[PDB]
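Student: The structure follows.
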Amino acid sequence: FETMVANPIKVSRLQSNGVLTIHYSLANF
Amino acid sequence: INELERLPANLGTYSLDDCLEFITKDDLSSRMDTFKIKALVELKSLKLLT
Amino acid sequence: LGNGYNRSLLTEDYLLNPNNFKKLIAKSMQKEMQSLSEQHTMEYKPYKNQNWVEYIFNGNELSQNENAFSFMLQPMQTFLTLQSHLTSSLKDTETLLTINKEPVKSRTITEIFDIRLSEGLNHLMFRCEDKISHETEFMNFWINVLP
Amino acid sequence: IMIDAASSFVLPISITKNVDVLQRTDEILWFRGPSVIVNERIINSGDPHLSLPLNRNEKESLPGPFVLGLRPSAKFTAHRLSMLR
Amino acid sequence: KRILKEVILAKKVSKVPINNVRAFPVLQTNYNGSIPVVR
Amino acid sequence: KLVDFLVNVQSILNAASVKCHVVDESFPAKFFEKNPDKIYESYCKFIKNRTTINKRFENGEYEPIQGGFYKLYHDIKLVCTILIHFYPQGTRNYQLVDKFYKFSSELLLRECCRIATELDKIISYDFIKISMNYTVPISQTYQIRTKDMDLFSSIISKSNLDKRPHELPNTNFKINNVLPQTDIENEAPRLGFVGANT
């Protein structure tokens with residue numbers, strides 16, 4: 001069990017701040 | 001500015017409306033910061049004057 | 001439960017602060033405290049500004065499946081000392097103490113060590129065992145030293 | 001002095017059988033230091049247990065930590081629940 | 001401030017109105033983070 | 001003076017019990033009147049051998065005396081231990097009963113209050129000790145040694161009234177106790193430090 005290097009969770013600062021939640025603005029066919 | 005910049009940063013409220021929320025030993029009430037935001041809107045509005 | 005696996009050795013452990021840190025500064029509002037879990041009272045005594053905390057562990061009604069403990073110390077408090085009251089020094093009991101890897105020998109039943117910590121966490125492994133009766137006990141102290 | 005270290009880790013083995021009480025990601029989150037238990041958030045700034053006036057070896061076993069934490073009295077809470085409806 | 005006290009001691013004026021902000025500033029506990037620093 | 005002092009606790013403990021329905025749980029007579037440290041072992045013996053908390057006030061089971069509130073404390077601790085043992089340790093109705101026990105025990109501890117060391121050999125020689133002492137319950141975290149990373153866990157939400165044996169999803173885990181840090185708050189910086197010009 002002592003040979004089980006763990007996985008870092010990286011935050012990536014621009015993802016942490018202001019990410020919103022393109023065809024659904026109908027101007028582009 | 002030099003009166004607002006000598007307030008302690010650990011400033012917090014205790015309104016008379018936290019009795020309706022039943023805050024336990026560790027519960028983090030949702031009206032704790034109604035004075036520290038107001039004491040930064042003034043301190044940063046008096047630096048964005050020019 | 002392992003509370004019936006309570007400690008038969010290790011009466012008292014003391015993480016009291018050294019007298020060097022007091023003698024080099026001082027030349028007090030005391031607040032004792034106990035934690036609701038059988039024993040391990042924790043007392044301290046600041047004054048309006050040094051603190052000189054002291055962590056005692058009366059292990060007569062602690063368990064032994066729960067060895068490690070964790071607390072937080074302030075950046076002026078880099079030095080520490082123990083006081084290890086065993087039950088009885090019947091045999092040549094081996095008492096070694098590795099902070100991270102380095103064993104600490106002594107100051108010279110009750111044995112005193114000399115502890116000097118660094119920033120960040122620490123391990124501070126401590127154990128006692130008998131040569132003849134062949135029984136071991138362990139203690140661990142996760143000391144978070146503030147930067 | 002950096003800021004953008006990871007400081008949380010996840011082990012690959014799914015041990016999610018007896019773990020519904022810990023803090024899950026949605027696995028188990030494993031941090032790089034312990035937690036910090038804080039008894040009461042609000043300091044009681046007067047109270048000569050803490051203020052230490054300069055006038056006049058004694059011990060006192062106070063009931064709980066709740067003396068030092070600004071709790072409201074129950075008559076106001078009943079008055080406000082009466083004002084509720 | 002003495003005089004406005006004494007009337008409230010003496011006369012008991014019919015309203016003496018109550019208007020408060022219904023909050024007051026208190027200090028709250030602070031604590032460092034427990035994850036150590038990375039250099 | 002003790003007339004309203006039951007009425008207010010009644011109203012508060014009714015209105016603070018909507019989401020969990022602790023007060024409307026079934027509870028028979030259960031005459032223990034014992035040491036509150038024996039409060040689970042006595043009910044364990046009551047399980048081995050062989051009127052709810054809202055209805056106790058409507059029948060007037062509580063007097064304006066010390067026992068008239070000691071019984072109320074006893075009934076709350078019994079119902080909370082029952083609801084802790086009934087659910088698993090991760091459900092929301094476990095943590096609601098734990099929070100309700102904490103809140104009601106804090107509410108009932110107050111308002112009946114209204115109604116050997118070389119360092120000590122130096123300091124007790126050098127200073128005068130006016131003091132203050134109290135009890136808090138500690139909690140636990142887990143402990144893992146990986147390859148040179150030495151991780152920690154979150155706080156287990158296991159209550160202080162659980163009494164179960166310590167289960168472990170891994171035997172390579174370890175367990176530790178977290179001592180709460182408590183003192184006069186270290187002087188926080190001023191607002192000029194928090195929010196200067198960048």
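Naming works like this for the structure tokens: A, B, ... for the chains as they're shown, residue 1 at the start of each chain, ligands 1 onward in shown order.
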Based on DSSP run over this structure's backbone, return all residues of range 92-132 of chain C in strand (DSSP E or B), as a list in words.
Tutor: residues 94, 95, 96, 97, 98, 103, 110, 111, 114, 115, 116, 120, 125, 126, 127, 128 and 129 of chain C
Student: Please produce an output containing N, CA, C and O atoms for each residue in the selection, written as a tab-separated table (two decimals), in the first residue's frame.
Tutor:
```tsv
chain	number	residue	atom	x	y	z
C	94	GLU	N	13.37	0.38	25.89
C	94	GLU	CA	13.93	1.16	24.78
C	94	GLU	C	12.95	2.27	24.43
C	94	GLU	O	11.80	2.00	24.06
C	95	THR	N	13.40	3.51	24.55
C	95	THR	CA	12.60	4.69	24.21
C	95	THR	C	13.35	5.47	23.14
C	95	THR	O	14.28	6.22	23.45
C	96	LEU	N	12.95	5.29	21.89
C	96	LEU	CA	13.49	6.06	20.78
C	96	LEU	C	12.44	7.04	20.27
C	96	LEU	O	11.23	6.85	20.46
C	97	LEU	N	12.91	8.10	19.62
C	97	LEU	CA	12.05	9.20	19.21
C	97	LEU	C	12.60	9.80	17.93
C	97	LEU	O	13.60	10.52	17.96
C	98	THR	N	11.92	9.54	16.81
C	98	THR	CA	12.30	10.10	15.52
C	98	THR	C	11.33	11.22	15.18
C	98	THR	O	10.12	11.00	15.15
C	103	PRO	N	16.71	10.01	15.13
C	103	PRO	CA	16.41	9.68	16.53
C	103	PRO	C	17.02	10.69	17.49
C	103	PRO	O	18.13	11.18	17.29
C	110	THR	N	11.56	8.37	34.28
C	110	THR	CA	11.25	9.60	33.56
C	110	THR	C	12.44	10.01	32.70
C	110	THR	O	13.52	10.29	33.22
C	111	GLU	N	12.23	10.05	31.39
C	111	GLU	CA	13.27	10.41	30.44
C	111	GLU	C	12.86	11.68	29.70
C	111	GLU	O	11.70	11.81	29.28
C	114	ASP	N	15.05	16.41	23.78
C	114	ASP	CA	15.20	17.77	23.29
C	114	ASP	C	14.70	17.82	21.86
C	114	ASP	O	15.17	17.06	21.00
C	115	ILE	N	13.74	18.70	21.59
C	115	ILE	CA	13.01	18.74	20.33
C	115	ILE	C	13.18	20.12	19.70
C	115	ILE	O	12.97	21.14	20.36
C	116	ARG	N	13.56	20.14	18.42
C	116	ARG	CA	13.61	21.37	17.63
C	116	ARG	C	12.93	21.11	16.29
C	116	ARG	O	13.38	20.25	15.52
C	120	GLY	N	5.88	23.75	8.62
C	120	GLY	CA	5.05	22.71	8.05
C	120	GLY	C	4.76	21.62	9.06
C	120	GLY	O	4.87	21.84	10.27
C	125	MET	N	7.61	10.44	15.85
C	125	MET	CA	7.26	9.08	16.24
C	125	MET	C	7.87	8.75	17.59
C	125	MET	O	9.05	9.04	17.83
C	126	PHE	N	7.08	8.14	18.47
C	126	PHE	CA	7.54	7.75	19.80
C	126	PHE	C	6.99	6.37	20.14
C	126	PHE	O	5.84	6.05	19.81
C	127	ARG	N	7.82	5.56	20.79
C	127	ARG	CA	7.42	4.20	21.14
C	127	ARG	C	8.21	3.72	22.34
C	127	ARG	O	9.30	4.23	22.63
C	128	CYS	N	7.65	2.74	23.05
C	128	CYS	CA	8.30	2.11	24.19
C	128	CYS	C	8.09	0.61	24.11
C	128	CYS	O	7.01	0.14	23.71
C	129	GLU	N	9.11	-0.16	24.49
C	129	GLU	CA	9.01	-1.61	24.47
C	129	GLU	C	9.92	-2.21	25.53
C	129	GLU	O	10.91	-1.61	25.95
```
Student: Identify all chain A residues at most 12 Å from chain F by counting only C-alpha atoms; ligands do not count. Present them as a count of residues only.
Tutor: 8
Student: For a quick test of understanding: name the residues of chain B lying within 9 Å of chain D when counting only C-alpha atoms, and present them as an MDAnalysis selection string.
Tutor: chainID B and resid 12 14 16:20 25:26 28
Student: Might you pull out every residue within 10 Å of residue 35 in chain D, with only C-alpha atoms counted and same-chain residues fewer than 6 positions away left off, and present them as a PDB file with N, CA, C and O atoms, in the first residue's frame?
Tutor:
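Dumped everything to around24.pdb:
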```
ATOM      1  N   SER C  70      -3.075  15.247  16.666  1.00  0.00           N
ATOM      2  CA  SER C  70      -2.727  16.373  15.808  1.00  0.00           C
ATOM      3  C   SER C  70      -3.130  17.668  16.491  1.00  0.00           C
ATOM      4  O   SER C  70      -4.213  17.753  17.073  1.00  0.00           O
ATOM      5  N   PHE C  71      -2.257  18.668  16.413  1.00  0.00           N
ATOM      6  CA  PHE C  71      -2.532  20.012  16.897  1.00  0.00           C
ATOM      7  C   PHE C  71      -1.678  21.003  16.118  1.00  0.00           C
ATOM      8  O   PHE C  71      -0.914  20.628  15.222  1.00  0.00           O
TER       9      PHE C  71
ATOM     10  N   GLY E  33      -4.777  28.437   7.872  1.00  0.00           N
ATOM     11  CA  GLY E  33      -5.027  27.184   7.208  1.00  0.00           C
ATOM     12  C   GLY E  33      -4.099  26.098   7.701  1.00  0.00           C
ATOM     13  O   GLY E  33      -3.032  26.358   8.253  1.00  0.00           O
ATOM     14  N   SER E  34      -4.514  24.855   7.501  1.00  0.00           N
ATOM     15  CA  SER E  34      -3.765  23.721   8.010  1.00  0.00           C
ATOM     16  C   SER E  34      -2.878  23.070   6.962  1.00  0.00           C
ATOM     17  O   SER E  34      -1.931  22.370   7.329  1.00  0.00           O
ATOM     18  N   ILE E  35      -3.160  23.274   5.684  1.00  0.00           N
ATOM     19  CA  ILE E  35      -2.260  22.792   4.631  1.00  0.00           C
ATOM     20  C   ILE E  35      -0.983  23.622   4.649  1.00  0.00           C
ATOM     21  O   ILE E  35      -1.056  24.862   4.601  1.00  0.00           O
TER      22      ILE E  35
ATOM     23  N   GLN F 140     -12.284  12.957  15.034  1.00  0.00           N
ATOM     24  CA  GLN F 140     -11.271  12.094  14.451  1.00  0.00           C
ATOM     25  C   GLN F 140     -11.131  12.376  12.964  1.00  0.00           C
ATOM     26  O   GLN F 140     -12.049  12.889  12.322  1.00  0.00           O
ATOM     27  N   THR F 141      -9.950  12.068  12.439  1.00  0.00           N
ATOM     28  CA  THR F 141      -9.686  12.012  11.007  1.00  0.00           C
ATOM     29  C   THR F 141      -8.912  10.734  10.713  1.00  0.00           C
ATOM     30  O   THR F 141      -8.460  10.038  11.626  1.00  0.00           O
ATOM     31  N   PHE F 152      -4.067  13.177   4.729  1.00  0.00           N
ATOM     32  CA  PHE F 152      -5.003  13.282   5.839  1.00  0.00           C
ATOM     33  C   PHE F 152      -6.414  13.174   5.275  1.00  0.00           C
ATOM     34  O   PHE F 152      -6.610  13.122   4.060  1.00  0.00           O
ATOM     35  N   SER F 153      -7.407  13.159   6.160  1.00  0.00           N
ATOM     36  CA  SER F 153      -8.790  12.968   5.748  1.00  0.00           C
ATOM     37  C   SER F 153      -9.612  14.178   6.165  1.00  0.00           C
ATOM     38  O   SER F 153      -9.086  15.179   6.658  1.00  0.00           O
ATOM     39  N   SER F 154     -10.918  14.069   5.956  1.00  0.00           N
ATOM     40  CA  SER F 154     -11.860  15.024   6.507  1.00  0.00           C
ATOM     41  C   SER F 154     -12.338  14.555   7.877  1.00  0.00           C
ATOM     42  O   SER F 154     -12.008  13.461   8.340  1.00  0.00           O
ATOM     43  N   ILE F 155     -13.121  15.406   8.537  1.00  0.00           N
ATOM     44  CA  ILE F 155     -13.693  15.042   9.824  1.00  0.00           C
ATOM     45  C   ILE F 155     -14.851  14.080   9.609  1.00  0.00           C
ATOM     46  O   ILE F 155     -15.770  14.354   8.827  1.00  0.00           O
ATOM     47  N   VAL F 178      -8.125  15.044  16.594  1.00  0.00           N
ATOM     48  CA  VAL F 178      -7.756  16.424  16.310  1.00  0.00           C
ATOM     49  C   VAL F 178      -8.076  17.261  17.536  1.00  0.00           C
ATOM     50  O   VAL F 178      -9.248  17.428  17.891  1.00  0.00           O
ATOM     51  N   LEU F 179      -7.041  17.775  18.183  1.00  0.00           N
ATOM     52  CA  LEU F 179      -7.237  18.686  19.300  1.00  0.00           C
ATOM     53  C   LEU F 179      -7.683  20.040  18.773  1.00  0.00           C
ATOM     54  O   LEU F 179      -7.003  20.610  17.912  1.00  0.00           O
ATOM     55  N   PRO F 180      -8.810  20.578  19.232  1.00  0.00           N
ATOM     56  CA  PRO F 180      -9.235  21.898  18.760  1.00  0.00           C
ATOM     57  C   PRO F 180      -8.347  22.986  19.330  1.00  0.00           C
ATOM     58  O   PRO F 180      -7.996  22.971  20.512  1.00  0.00           O
TER      59      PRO F 180
END
```
Student: Have a look at CA of residue 182 in chain F and CA of residue 84 in chain F and let me know their distance in Å, one decimal.
Tutor: 28.6 Å
Student: Sort by chain and increasing residue number a table of all residues of chain B within 7 Å of chain F, each with its closest pair of atoms and their distance in Å to one decimal, counting only C-alpha atoms, and write it as a tab-separated table.
Tutor:
```
residue	atom	partner	partner_atom	distance
B:5	CA	F:192	CA	4.7
B:6	CA	F:190	CA	5.2
B:7	CA	F:190	CA	5.5
B:8	CA	F:190	CA	4.8
B:9	CA	F:190	CA	5.3
B:10	CA	F:188	CA	6.3
B:24	CA	F:103	CA	5.3
```
Student: Please save N, CA and C atoms of the selected residues as a short mmCIF file (atom, residue, chain, number, x, y, z; two decimals), in the first residue's frame.
Tutor:
```cif
data_model
loop_
_atom_site.label_atom_id
_atom_site.label_comp_id
_atom_site.auth_asym_id
_atom_site.auth_seq_id
_atom_site.Cartn_x
_atom_site.Cartn_y
_atom_site.Cartn_z
N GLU B 5 -9.08 52.10 7.56
CA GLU B 5 -7.97 51.16 7.48
C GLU B 5 -7.38 50.79 8.84
N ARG B 6 -8.08 51.05 9.94
CA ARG B 6 -7.64 50.60 11.25
C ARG B 6 -8.71 49.76 11.92
N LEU B 7 -9.74 49.39 11.17
CA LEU B 7 -10.69 48.42 11.64
C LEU B 7 -10.07 47.03 11.60
N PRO B 8 -10.44 46.16 12.54
CA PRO B 8 -9.94 44.78 12.49
C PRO B 8 -10.60 43.99 11.38
N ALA B 9 -9.80 43.13 10.74
CA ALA B 9 -10.30 42.35 9.60
C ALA B 9 -11.30 41.29 10.04
N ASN B 10 -11.20 40.83 11.29
CA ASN B 10 -12.13 39.84 11.82
C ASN B 10 -13.37 40.52 12.42
N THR B 24 -26.01 25.95 15.45
CA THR B 24 -25.39 25.00 16.37
C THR B 24 -23.99 25.44 16.78
#
```
Student: Write out as CSV the residues of chain E that have any atom within 10 Å of an atom of chain B, one row each with the nearest atom pair and its distance in Å to one decimal, counting only C-alpha atoms, sorted by chain and then rising number.
Tutor:
```
residue,atom,partner,partner_atom,distance
E:21,CA,B:15,CA,8.6
E:22,CA,B:15,CA,5.7
E:23,CA,B:15,CA,4.1
E:24,CA,B:13,CA,5.7
E:25,CA,B:13,CA,4.6
E:26,CA,B:12,CA,5.3
E:27,CA,B:11,CA,5.0
E:28,CA,B:10,CA,5.5
E:29,CA,B:10,CA,7.0
E:30,CA,B:10,CA,6.8
```
Student: May I have the residues within 8 Å of range 45-56 of chain F as a ChimeraX atom specification, using only C-alpha atoms and disregarding those fewer than 3 positions away in the same chain?
Tutor: /F:23-29,41-42,59-62,75
Student: Restrict the distance test to only C-alpha atoms, flag each residue of chain F within 7 Å of chain C, and return the flagged residues as a list in words.
Tutor: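 Using only C-alpha atoms, chain F residues at most 7 Å from chain C: residues 119, 127, 128, 129, 130, 131, 132, 133, 134, 135, 136, 137, 138, 165, 166, 175, 176, 177, 178, 179 and 181 of chain F.
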Student: Find the residues in chain D near chain E: any atom within 8 Å counts, using only C-alpha atoms. Write them as a ChimeraX atom specification.
Tutor: /D:1-3,5,7,31-36,40-45
Student: May I ask for the distance between CA of residue 11 in chain F and CA of residue 114 in chain F, given in Å to one decimal place?
Tutor: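 According to the coordinates, CA of residue 11 in chain F and CA of residue 114 in chain F are separated by 19.7 Å.
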Student: When DSSP works through the backbone of this structure, what residues of chain E end up as alpha helix (DSSP H), shown as a ChimeraX atom specification?
Tutor: /E:2-10
Student: Only N, CA, C and O atoms, please: the residues just picked out, written as a compact mmCIF listing (two decimals), in the first residue's frame.
Tutor:
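File written: selection.txt
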```txt
# COMPACT_ATOMS: atom_id res chain seq x y z
N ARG E 2 -26.75 64.75 29.17
CA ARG E 2 -27.32 64.71 30.51
C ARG E 2 -28.80 65.08 30.49
O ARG E 2 -29.64 64.36 31.04
N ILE E 3 -29.13 66.19 29.81
CA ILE E 3 -30.47 66.77 29.88
C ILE E 3 -31.49 65.85 29.24
O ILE E 3 -32.52 65.52 29.85
N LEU E 4 -31.20 65.36 28.03
CA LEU E 4 -32.02 64.35 27.37
C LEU E 4 -32.13 63.06 28.17
O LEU E 4 -33.11 62.33 28.00
N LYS E 5 -31.15 62.76 29.03
CA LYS E 5 -31.33 61.64 29.94
C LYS E 5 -32.41 61.93 30.98
O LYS E 5 -33.31 61.11 31.17
N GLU E 6 -32.35 63.12 31.59
CA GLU E 6 -33.08 63.38 32.83
C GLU E 6 -34.58 63.42 32.59
O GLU E 6 -35.36 62.94 33.42
N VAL E 7 -34.99 63.96 31.44
CA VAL E 7 -36.40 63.96 31.05
C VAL E 7 -36.91 62.54 30.91
O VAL E 7 -37.99 62.19 31.40
N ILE E 8 -36.09 61.66 30.32
CA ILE E 8 -36.42 60.24 30.23
C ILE E 8 -36.42 59.62 31.62
O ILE E 8 -37.20 58.70 31.90
N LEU E 9 -35.60 60.14 32.54
CA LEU E 9 -35.71 59.74 33.94
C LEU E 9 -37.00 60.28 34.56
O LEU E 9 -37.65 59.60 35.35
N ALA E 10 -37.37 61.52 34.21
CA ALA E 10 -38.45 62.19 34.93
C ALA E 10 -39.79 62.09 34.23
O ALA E 10 -40.75 61.53 34.77
```
Student: Enter the distance from CA of residue 143 in chain C to CA of residue 99 in chain C, in Å, rounded to one decimal.
Tutor: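 Interatomic distance here is 10.1 Å.
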Student: From the set F:44, F:115, F:161, F:65, which residue has the shortest atom-to-atom contact distance to residue 77 in chain F, counting only C-alpha atoms?
Tutor: F:161
Student: At a cut-off of 7 Å, can you tabulate as CSV every residue of chain D near chain A together with its closest atom pair and the distance in Å to one decimal, using only C-alpha atoms and ordering rows by chain then number?
Tutor:
```
residue,atom,partner,partner_atom,distance
D:6,CA,A:10,CA,5.3
D:8,CA,A:9,CA,6.0
D:9,CA,A:8,CA,4.9
D:10,CA,A:7,CA,5.4
D:11,CA,A:6,CA,5.3
```
Student: Skip residue 64 in chain C itself and residues of its chain fewer than 6 positions away, then list as JSON, numbers by chain all residues within 8 Å of it, counting only C-alpha atoms.
Tutor: {"C": [2, 3, 5, 6, 7, 137, 138]}
Student: Return the single residue from F:156, F:78, F:122, F:116 that is closest to residue 36 in chain F, with distances computed using only C-alpha atoms.
Tutor: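 Among F:156, F:78, F:122, F:116, it is F:78 that comes nearest to residue 36 in chain F.
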